[PDB]
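Dropping the structure here:
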């Protein structure tokens, strides 16, 4: 989580972008990932979701609030890319 | 050995979809490449009129 | 619509656990994710690819080139057609794919019921207290061949027997 929260200058992140990194960081999925690998993992998982779970990004944008269905769909969408 | 073979039950029916849809998602983006040509052209045009 | 393709991709990842050491299939998923991420940022990065003749031309009051570069863009407005060139070698790749796939599928669909029948054969046909060694020579004449060759060469030692089947003699 410490190496997670680094962020380069002129690189703001939307809330829909900030949610899944937190959800991965809470649920221990980063633990098997290398500590140096976290920085590329962030952009990788973001481009992963923007490619694929763009609907969930729109859900976080529209609601600003995660339902249980959004929670479980988020869980599946995380653990998918957590398998790499 | 029964379990080891039965792991390969429905692989072919799904990997014949994997192969095709995978190479399509690789190779259906030359449209985006030729779009990139137009994007960098309009990029240069905007840059030079910014210079003017 | 690509989310179903990537759902199938992670299904193939959790089934590619069965084949560890995929050299370039995961690299093929890597390349499709790479240029998919490239094209989505390319289309989101893309403007309406034009010079604004209303505002951004009339911003330059000393215009003199904006008609020139505008008709230069409208000249190259037919940029270049795409490349749908593969319809002959790609179908050969999926032809080998369907070939080896149906080979595998028919073989496993046979051998599943074959080894289930082997399990049922082991279930009710174990005479482990009443089987005949002549039935062993009948089921395996390799037994008779090794016995006769073991006599004729004279290796009257039976190696690898004494470990699990002790010699139970006096000394």
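Residue numbers (PDB author numbering), protein chains in the order written: chain B, 426 to 509; chain Z, 106 to 157; chain 7, 3 to 173.
All C-beta atoms in this analysis are idealised placements derived from N, C-alpha and C, irrespective of residue type, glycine included.
In angstroms with no decimal places, state the Cα-to-Cα distance between residue 84 (chain 7) and residue 106 (chain Z). By 1-based counting over the third chain, the position of residue 84 (chain 7) is 82. By 1-based counting over the second chain, the position of residue 106 (chain Z) is 1. Distance between the alpha carbons of residue 84 (chain 7) and residue 106 (chain Z) is about 49 angstroms.
Quick check on residue 49 (chain 7) - is its C-beta less than 8 angstroms from some C-beta in chain Z? Along the third chain, one-based indexing puts residue 49 (chain 7) at 47. It does: the Cβ of residue 49 (chain 7) has a partner Cβ on chain Z nearer than 8 angstroms.
Give the residues of chain B in contact with residue 39 (chain 7), contact being defined as C-beta atoms less than 8 angstroms apart. Translated into the one-based positions of the third chain, residue 39 (chain 7) becomes position 37. Residues of chain B passing the Cβ test: 472, 475, 476.
Given this structure, state the Cα-to-Cα distance separating residue 478 (chain B) from residue 80 (chain 7), to the nearest angstrom. For the purposes of this step, residue 478 (chain B) is identified with residue 53 of the first chain, where counting begins at 1. For the purposes of this step, residue 80 (chain 7) is identified with residue 78 of the third chain, where counting begins at 1. Taking the straight line joining both Cα atoms gives about 34 angstroms.
Between the segment 146–165 of chain 7 and chain B, which residues of the former have CB atoms less than 8 angstroms from a CB of the latter, in chain order? none
Buried or exposed for residue 35 (chain 7), going by 16 or more other Cβ atoms inside 10 Å? In the third chain, the residue the question calls residue 35 (chain 7) occupies position 33. With 16 or more Cβ atoms within 10 Å of its Cβ, residue 35 (chain 7) is classed as buried.
Element boundaries [alpha helix (DSSP H), containing residue 433 (chain B)]: Taking the first residue of the first chain as 1, we reach residue 433 (chain B) at position 8. First-last for residue 433 (chain B): undefined, no H or E at that position.
State the DSSP-derived secondary structure class of residue 491 (chain B), mapped to helix, strand or coil. For the purposes of this step, residue 491 (chain B) is identified with residue 66 of the first chain, where counting begins at 1. Three-state DSSP puts residue 491 (chain B) in coil, outside helix and strand.
Verify the CB distance criterion: does residue 33 (chain 7) have a CB-CB separation below 8 angstroms to chain B? As a working mapping, residue 33 (chain 7) is identified with position 31 in the third chain. Taking Cβ atoms only, chain B never reaches closer than 8 angstroms to residue 33 (chain 7), which makes this a no.
Using a beta-carbon distance below 8 angstroms, is residue 508 (chain B) in contact with chain 7? One-based indexing of the first chain puts residue 508 (chain B) at position 83. Residue 508 (chain B) counts as touching chain 7.
First through last residue of the alpha helix (DSSP H) which encompasses residue 160 (chain 7): Start at 1 with the first residue of the third chain, and residue 160 (chain 7) comes out as number 158. That residue, residue 160 (chain 7), is in no alpha helix (DSSP H); it is neither H nor E in DSSP.
Own chain residues within Cβ distance below 8 angstroms of residue 431 (chain B), not counting five before or after: Along the first chain, one-based indexing puts residue 431 (chain B) at 6. Result list for residue 431 (chain B): 464, in chain order.
Starting from residue 505 (chain B), find everything on chain 7 with Cβ-Cβ shorter than 7 angstroms and list it in chain order. Taking the first residue of the first chain as 1, we reach residue 505 (chain B) at position 80. Per Cβ cutoff of 7 angstroms: 12.
Distance cutoff 8 angstroms, beta carbons only. Does residue 20 (chain 7) sit that close to anything in chain Z? Counting from 1 along the third chain, the entry for residue 20 (chain 7) is found at position 18. Yes, because at least one Cβ of chain Z sits closer than 8 angstroms to the Cβ of residue 20 (chain 7).
For the alpha helix (DSSP H) containing residue 136 (chain Z), name the first residue and the last one. By 1-based counting over the second chain, the position of residue 136 (chain Z) is 31. Where residue 136 (chain Z) is concerned, the enclosing alpha helix (DSSP H) stretches over 135–156.
Between the C-alpha atoms of residue 453 (chain B) and residue 499 (chain B), what's the straight-line distance to the nearest angstrom? Your numbering for residue 453 (chain B) matches position 28 in the first chain. Your numbering for residue 499 (chain B) matches position 74 in the first chain. So the two alpha carbons sit approximately 15 angstroms from each other.
Between the Cα of residue 134 (chain Z) and those of 43 (chain 7), 25 (chain 7), 24 (chain 7), 29 (chain 7), spot the shortest distance and give me the residue it belongs to. Along the second chain, one-based indexing puts residue 134 (chain Z) at 29. With distances taken between Cα atoms, residue 134 (chain Z) lies closest to 43 (chain 7).
Below 7 angstroms on C-beta distance, what does residue 135 (chain Z) contact in chain 7? For the purposes of this step, residue 135 (chain Z) is taken as residue 30 along the second chain, with counting starting at 1. Result: 84, 85.
Please confirm whether residue 4 (chain 7) and residue 472 (chain B) have their CB atoms less than 8 angstroms apart. For the purposes of this step, residue 4 (chain 7) is taken as the residue at position 2 of the third chain. For the purposes of this step, residue 472 (chain B) is taken as the residue at position 47 of the first chain. Contact flag unset, no.
Are the segment 47–57 of chain 7 and the segment 114–132 of chain Z touching by the rule of at least three beta carbon pairs closer than 8 angstroms? no
How about residue 68 (chain 7): is its C-beta nearer than 8 angstroms to some C-beta of chain B? Working through the third chain from its first residue, we reach residue 68 (chain 7) at position 66. It does not; no Cβ of chain B falls within 8 angstroms.
Name the residues in the segment 114–132 of chain Z whose C-beta lies less than 9 angstroms from a C-beta of chain 7; which are they? 114, 115, 116, 117, 118, 119, 120, 121, 122, 123, 124, 125, 126, 127, 128, 129, 130, 131, 132
Along the alpha helix (DSSP H) that carries residue 478 (chain B), what are the first and last residues, could you check? Sequence index remark: in the first chain, residue 478 (chain B) carries index 53 (1-based). Residue 478 (chain B) -> no alpha helix (DSSP H), and no H or E assigned at all.
Straight-line Cα distance separating residue 23 (chain 7) from residue 112 (chain Z): For the purposes of this step, residue 112 (chain Z) is taken as residue 7 along the second chain, with counting starting at 1. For the purposes of this step, residue 23 (chain 7) is taken as residue 21 along the third chain, with counting starting at 1. So the alpha carbons of these two residues sit roughly 17 angstroms apart.
Check residue 459 (chain B) in the structure and name its three-state DSSP category. For this step, residue 459 (chain B) is matched to residue 34 along the first chain. Coil, per DSSP.
Distance cutoff 8 angstroms, beta carbons only. Does residue 152 (chain Z) sit that close to anything in chain 7? Sequence index remark: in the second chain, residue 152 (chain Z) carries index 47 (1-based). It does not; no Cβ of chain 7 falls within 8 angstroms.
Under the three-state reduction of DSSP, which class applies to residue 129 (chain Z): helix, strand or coil? Start at 1 with the first residue of the second chain, and residue 129 (chain Z) comes out as number 24. The answer is helix: DSSP assigns residue 129 (chain Z) an H, G or I state.
Segment limits, alpha helix (DSSP H) that includes residue 32 (chain 7): Translated into the one-based positions of the third chain, residue 32 (chain 7) becomes position 30. Counting along the chain, the alpha helix (DSSP H) containing residue 32 (chain 7) begins and ends at 27–47.
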